Number of protein chains: 2
Amino acid sequence: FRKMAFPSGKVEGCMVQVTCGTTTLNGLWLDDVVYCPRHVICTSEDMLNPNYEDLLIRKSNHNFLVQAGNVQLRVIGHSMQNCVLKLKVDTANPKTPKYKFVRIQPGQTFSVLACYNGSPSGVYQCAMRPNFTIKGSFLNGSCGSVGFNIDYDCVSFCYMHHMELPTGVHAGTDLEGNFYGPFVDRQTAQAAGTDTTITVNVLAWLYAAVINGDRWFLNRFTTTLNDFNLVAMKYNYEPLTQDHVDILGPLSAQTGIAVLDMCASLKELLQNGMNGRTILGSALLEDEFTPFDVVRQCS
Amino acid sequence: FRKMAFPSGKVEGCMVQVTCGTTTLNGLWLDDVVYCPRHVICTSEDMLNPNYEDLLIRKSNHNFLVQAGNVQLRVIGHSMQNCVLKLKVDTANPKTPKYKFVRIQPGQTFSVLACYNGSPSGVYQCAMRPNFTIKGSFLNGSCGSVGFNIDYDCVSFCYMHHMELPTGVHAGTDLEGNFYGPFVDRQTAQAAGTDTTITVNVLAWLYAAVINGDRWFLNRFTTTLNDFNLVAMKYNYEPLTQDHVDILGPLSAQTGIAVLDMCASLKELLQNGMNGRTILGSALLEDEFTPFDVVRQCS
Ligand SMILES: *[C@@H](O)[C@H](C[C@@H]1CCNC1=O)NC(=O)[C@H](CC(C)C)NC(=O)O[C@H]1CC[C@H](c2ccccc2)CC1
Ligand SMILES: *[C@@H](O)[C@H](C[C@@H]1CCNC1=O)NC(=O)[C@H](CC(C)C)NC(=O)O[C@H]1CC[C@H](c2ccccc2)CC1
């Protein structure tokens, strides 16, 4: 059982390089539109407190250099939508997959195709935390890298990368340019607030553990939803709801472990730690697998 | 800092479905040749102790159904090379990337594109352990999935998946069909022997930690190569050599921490555990990042 990303090929064919002045980042080329973070129009002496409206007025289509491999694209229109720029180009991307834009919910997962200068470097799996940050791997130049899921042949884009926070975590927008969380695109320290653990995902991962022969943490006890949450609260775990319980149903059915029984084992793990033992090769409780992820991987 | 796979697009375009009888697995379609594990010619009542030579003699080209998406490929020749079958087909794959076959060394890493019925399901990063197993995520039907690295535009294929061991780990071949390790393709329990930790990789990962602001484990001590290895041995860590030291050089240079100083901190971690603290979000010492991987990710 491994942290698995979706195959990235459909998205690799959408990444391009966007330069304005001396600032270069990545853009997403779908049909005849390139999407990129608006701070590509910023100089280093603009990022502290940019007035994007005023900065963009000084820019014309020909100030946007868009490059797909060795080929230049002609920019024939531009506009700002929230924190993203949309550059209309004269050529539809012939590699455009079936796609949609979605605004993902906290606790859900997606794959990130980290890019630099418009070239894919690597792919990994992330979760949108309850505080609307993600714990990625991003260097200077990675802005415009996107996060996505794939449903059959359809790519659902959900994230575009914009900035780093002092805690080392990452923040960004949906593909309409609205940040996840309370963040703004300026180079100041910003607070994400307390993060909380995604309880339903930890449970899913404990089920995956049991499915993979690791069972030492199961005990003889059960609990109540109300009583588990009294312990969840203390640990900054998200409260569990009956919808969570029914979401966990197929895993409970495959393992034969009632959900409230697994909750009892989780309380004991939370109160007593792991006494140096491990679970699927981790010494911490893992919360970036959804129930859906676990089902998909164990079938 | 994250466990990152290479973009999988170049390899996605090489995966096909291979069926012989009622047994179906994945094959790798490069130029006019499809490569797949030879046990595709086995029935369930053959896998306990197959005589592959005898089994294959009963098979003709038309018994191999090769499917790429919705299109059948015509098989015009077949032969067995070690534990792989090579099916000559009448059509060169138009998506064949620049590629080579390499037999990878223990301690090195590569990406796995896990496939089922010839369709990519997910991508993740693995290491070839010192005992020539890998710790993957593979279900029935995943055989023929490949592992690879990418160097610029060139795909180096290094692994094809064949079987699972009782410990839950995985074993397979290079693309010439020679197993990594002492394994054979028959459905019996087989031993991998003691695994050992990849010391040079743990050091690389501690450097990555320091590069990412996590420094609590650094101490005031140093050691000697000879004296560190006395402690390595006891913990079933691989001995460190001066070549390892020079490999770690660029990381030592970027952080300003002498390699033997980092070795001192590692000895203390090994002797004293982590007392509930963490390093890059893990409560265990991580050994599936090479120095090269760390450099690539932190630049
Ligand atoms: C892409 O342009 C880039 C991605 C960043 C670079 C470093 N890692 C990333 O993920 N984004 C930015 O540079 C971003 C531009 C804004 C939106 C105009 N600026 C940014 O993220 O600035 C951060 C720098 C570090 C700073 C900080 C860190 C630690 C302690 C205190 C303060 C937070 C803001
Ligand atoms: C692909 O065909 C498949 C991949 C396996 C399926 C399950 N997970 C995997 O990675 N390989 C095989 O089925 C393989 C065929 C051989 C090469 C002819 N057989 C195989 O791996 O058999 C294992 C089954 C389980 C068994 C065992 C497990 C636990 C305890 C004792 C014994 C080890 C061999």
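The numbering of chain A matches Swiss-Prot: 3266-3564, in order.
Here the Cβ of each residue, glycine as well, is placed from N, Cα and C on the backbone.
Applying an 8 A CB threshold to same-chain residues 6+ apart, the list for A:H3304 (active site, for 3CL-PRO activity) reads A:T3288, A:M3312, A:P3315, A:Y3317, A:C3408, A:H3427, A:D3450. Marked as active site, for 3CL-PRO activity by Swiss-Prot: A:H3304.
Feature annotation from Swiss-Prot assigns active site, nucleophile to A:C3408; the stated evidence is experimental evidence. When secondary structure is read from DSSP and collapsed to three states, A:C3408 (active site, nucleophile) falls in the coil class.
Counting only residues at least six positions away in the same chain, the Cβ atoms of A:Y3389, A:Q3390, A:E3553, A:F3554 sit under 8 Å from the Cβ of A:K3268 (ubiquitin cross-link). In this structure, A:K3268 (ubiquitin cross-link) belongs to neither helix nor strand by DSSP; it is coil. The ubiquitin cross-link annotation in Swiss-Prot covers A:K3268 (among others).
Its Cβ placed at the centre, A:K3353 (ubiquitin cross-link) has 15 other Cβ atoms within 10 Å. The annotation ubiquitin cross-link is assigned in Swiss-Prot to A:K3353 (among others).
The number of other Cβ atoms within 10 Å of the Cβ belonging to A:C3408 (active site, nucleophile), over all protein chains shown, comes to 26. Highlighted here would be the recorded positions (A:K3268, A:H3304, A:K3353, A:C3408) whose C-beta falls below 6 Å from ligand 2, but none qualifies.
Chain B has a C-beta under 8 angstroms from the C-beta of A:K3268, taken from the recorded positions A:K3268, A:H3304, A:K3353, A:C3408.
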